[PDB]
Amino acid sequence: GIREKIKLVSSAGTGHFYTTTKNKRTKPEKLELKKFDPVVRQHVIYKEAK
Amino acid sequence: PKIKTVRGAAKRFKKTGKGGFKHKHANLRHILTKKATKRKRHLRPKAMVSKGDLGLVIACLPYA
Amino acid sequence: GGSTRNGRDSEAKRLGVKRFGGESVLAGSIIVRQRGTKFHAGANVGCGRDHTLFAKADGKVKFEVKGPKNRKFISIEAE
Amino acid sequence: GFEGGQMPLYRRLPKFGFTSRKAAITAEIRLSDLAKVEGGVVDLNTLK
RNA sequence: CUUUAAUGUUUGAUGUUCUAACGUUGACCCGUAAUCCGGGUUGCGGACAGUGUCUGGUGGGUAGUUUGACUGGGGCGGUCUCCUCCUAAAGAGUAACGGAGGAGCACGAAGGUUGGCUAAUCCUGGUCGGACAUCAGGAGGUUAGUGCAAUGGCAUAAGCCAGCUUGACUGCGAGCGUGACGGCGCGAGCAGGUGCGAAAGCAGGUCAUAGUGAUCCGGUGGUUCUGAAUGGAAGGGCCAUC
RNA sequence: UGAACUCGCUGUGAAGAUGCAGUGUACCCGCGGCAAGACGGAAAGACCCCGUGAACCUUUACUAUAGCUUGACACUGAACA
RNA sequence: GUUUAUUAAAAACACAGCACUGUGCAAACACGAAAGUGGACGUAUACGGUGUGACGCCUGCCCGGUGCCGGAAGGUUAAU
RNA sequence: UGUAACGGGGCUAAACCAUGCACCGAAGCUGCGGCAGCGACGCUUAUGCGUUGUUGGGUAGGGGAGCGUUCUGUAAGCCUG
RNA sequence: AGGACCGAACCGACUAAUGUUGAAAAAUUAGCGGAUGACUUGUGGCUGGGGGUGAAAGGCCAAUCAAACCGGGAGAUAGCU
RNA sequence: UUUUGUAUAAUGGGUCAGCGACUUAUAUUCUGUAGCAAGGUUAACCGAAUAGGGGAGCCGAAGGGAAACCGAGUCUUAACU
């Protein structure tokens, strides 16, 4: 869809991913963006979009 | 001949006691990341037809 | 683009005129691209990102002819 | 469903499947049914 | 791990030859001193052909069908959904192939939060200086600027600048504005948790409005709601998505 | 072929009226001829245009196929280069 | 000579001659749930078919685009 | 095309302008006869009478309610050579 | 000797008058092209409606043609007079 | 009959007398009324027979939830809210 959407997992990798509007097409930059993991209901670091 | 319930409505609605039909509603199957988060929190709960919007629906669903 | 294209209506309305009414909350104004040209008084907030003069308590509208410039006061208070 | 144009309303809305098939073999009774039963026991064993 | 021959061998093709499959537009005899045809006897061909069958290719020779609308007519040109100003009538509703400019994406900052700041333009002075850049002084200015068109606001700046920073949040939501409806726009506030600030206080992005297809289909990752005899399974439902 | 005992000019006009208004004129009914009219009688316009209509014709536009053809297969056996 | 029955009688169609591509005989060509029959009792001096157009004497250029024939050198590549 | 750009005559005032009082002027206003509907005031409750007030042209469509026609029953009745 | 050539019949329907609810579903009148031939005509027969037959005209196929006749599907279908 | 508008030289009348063009079941919602009422109704069919019998089925009386699962309650979830 000309946006090539990315999905990351939490620090612990448990439950489902977090889908995000963060783009990879136009610029190479840091993918860590700190988001909510609903298994702990806490804000944590997010990793690996593959 | 015994009069037929229309397939177009029969496989899209759930009935009630008092009247009005309960259903899942649109815009919650196709490409979710591109849609607003407030909208996705408003479409998660299912929808219902009220008595003022019901006449059009029983004209496709005749039976109890 | 134009001519014509026209840019039909642009969703533009005046909405809040005279004493008005709302159940528990009301918009007060709807006129777009407006910040402080109509100034906030009483149970409301100043215009910004959504252009409204939103009031969080049921009130009746009162209109002034003067303010800090220009910047005429629009008051929303209970009756 | 025809309303002059702009499609019948049900053609905008998603399908609902997943049938349960137990209601046609389910009975519903009020407190004043099976209430005497010749002093016997109510159990659904072999009704034929 | 190369390129290739022979010894061995798997599977095809072309050619030759034999004929316990099948052809003869070969003859003779019998039906019958019948240039139809079968049978009978004997020659000639031969796995070629022939006939049917299935999958790919090709193929109007034949059969059915399609080929959007506006356009002060046709035609070249303009146009169909989304943004913005006047026409537009000092409630409400609003047209033209009237006057005039744009969108179908970008940005991790032009953001959040705390603390600071303020343009344009012209002359004089000045220089690595055939013309832009950076500055100093004087006159003058909420006329510069804003990711982009236009429109209006904007200094208590929403314009640029430094520290920390990601609320470009999850789950809920009283509702508020709008169109005939679908649908579109805005959202107090509560609960969870993290972030800024000494703190009172504040953060669900961007100065606002354009940046995108309802559903049916199937795929993708979790669950254990369902699942035709029932314990598993396939397939569906939810949850999370394309 | 609704009722007919159907005058001219000018106005009125679905505006190019015999017939509505005014004004000038006109014996009635025939017959043999005359022919300016009665938008003469004949044709529920042929013309042109509209139509997501119908048909025919252009054609490798869409779809299906006859025929052609590589492969698989049945009548089907054996050997060699 | 032939001709469009009732609106053009011809510059229309037809025989001549020329060219070309097929066809070895159970020919190529043709109609058909398919025999059979027509090609023909003919034999490439025959037959099929498409052009051009009797006669006399003749017939310049382009093979990039379209089709057709052989290859698929080089590409793209089905079935099973 | 022919009275033909008040329809036409009369008219040098009988035209043009505005002024003062009179009159003519609808199916309505207004009076009466009659009807249906709405509601009061006086007398009276077979239920009417008396007076005053008031509405009554209505087509796409929405409501109310009669008279004939035919069959079937009444009809073993009622009319009829 | 000859699709030579004049001229009737014979085959045609070109010229002008005429007809076109006619003498007629095309011939009444005088001319005209062909007239032993790629001719005509009496009898019998063959080729059949997505099928024939044309020196082949979008000609003709029993009143019917860019596609004949019949009954049936059939009360096809008609955003329309 | 039609239309912005028709005496319309607009489509339709020669005439007498006849003909000539709209059914009700399965299913349903509101209305009217009839029986009975938290109940009403049987279908096909048996039957002395149109009496009586036939409650399978159907509609209504209790919902919430994807469904499992709960019930005057119930779903959503970390959820009190």
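Heads up: the sequence lines are chains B1, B3, BW and BL, in that order. Sequential numbering of the first sequence, starting at 3, is according to the authors' numbering. Sequential numbering of the second sequence, starting at 1, is according to the authors' numbering. Sequential numbering of the third sequence, starting at 6, is according to the authors' numbering. Sequential numbering of the fourth sequence, starting at 49, is according to the authors' numbering. Where a beta carbon is used, it is the ideal one built from N, C-alpha and C, also for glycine.
Mind checking which residues open and close the beta strand (DSSP E) that includes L31 (chain BW)? It is not in any beta strand (DSSP E) - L31 (chain BW) carries neither H nor E in the DSSP assignment.
Cβ of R27 (chain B1) within 9 Å of any chain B3 Cβ: no
Verify whether the separation of the beta carbon atoms of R38 (chain BW) and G53 (chain BW) is less than 9 Å. no
Assess, as a yes-or-no matter, whether the stretch 27–47 of chain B1 is touched by the stretch 58–70 of chain BW under the definition of 3 or more beta carbon pairs within less than 8 Å. no
Under the assumption that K46 (chain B3) contacts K22 (chain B3) (Cβ atoms under 8 Å), give the Cβ distance between them as a whole number of angstroms. Confirmed, about 6 Å.
Could you say which of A32 (chain BW), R76 (chain BW), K71 (chain BW) and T42 (chain BW) lies nearest to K61 (chain BW) if we only look at CA atoms? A32 (chain BW)
Would you mind telling me which residues of chain BL sit closer than 9 Å to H23 (chain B3), beta carbon to beta carbon, in chain order? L61, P62 and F64
Same chain, Cβ closer than 7 Å to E50 (chain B1), five either side skipped, listed in chain order: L10 and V11
Taking buried to mean at least 16 other C-beta atoms within 10 Å of its own C-beta, is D14 (chain BW) buried or exposed? exposed
Across which residues does DSSP place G47 (chain BW) in a beta bridge pair? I81 (chain BW)
Which residues DSSP lists as bridging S12 (chain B1), in chain order: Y48 (chain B1)
Which residue comes first and which comes last in the beta strand (DSSP E) that contains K65 (chain BW)? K65 to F68
Give the single residue among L28 (chain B3), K11 (chain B3) and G20 (chain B3) whose Cα lies nearest to the Cα of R39 (chain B3). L28 (chain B3)
Can you tell me which of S50 (chain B3), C60 (chain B3), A59 (chain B3) and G55 (chain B3) puts its alpha carbon nearest to the alpha carbon of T16 (chain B3)? Relative to the Cα of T16 (chain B3), the nearest Cα in the group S50 (chain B3), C60 (chain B3), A59 (chain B3) and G55 (chain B3) belongs to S50 (chain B3).
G53 (chain BL) touches chain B3 at which residues, Cβ-Cβ below 7 Å? Listed along the chain, the chain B3 residues whose CB falls inside 7 Å of the CB of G53 (chain BL) amount to none; the nearest CB is some 15 Å away.
Rounded straight-line distance, which links the Cα of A36 (chain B3) to that of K24 (chain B1): 14 Å
DSSP on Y20 (chain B1), reduced to helix/strand/coil? strand
Does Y63 (chain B3) pass the burial test, meaning 16 or more other C-beta atoms within 10 Å, or should it be called exposed? Classification for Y63 (chain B3): exposed.
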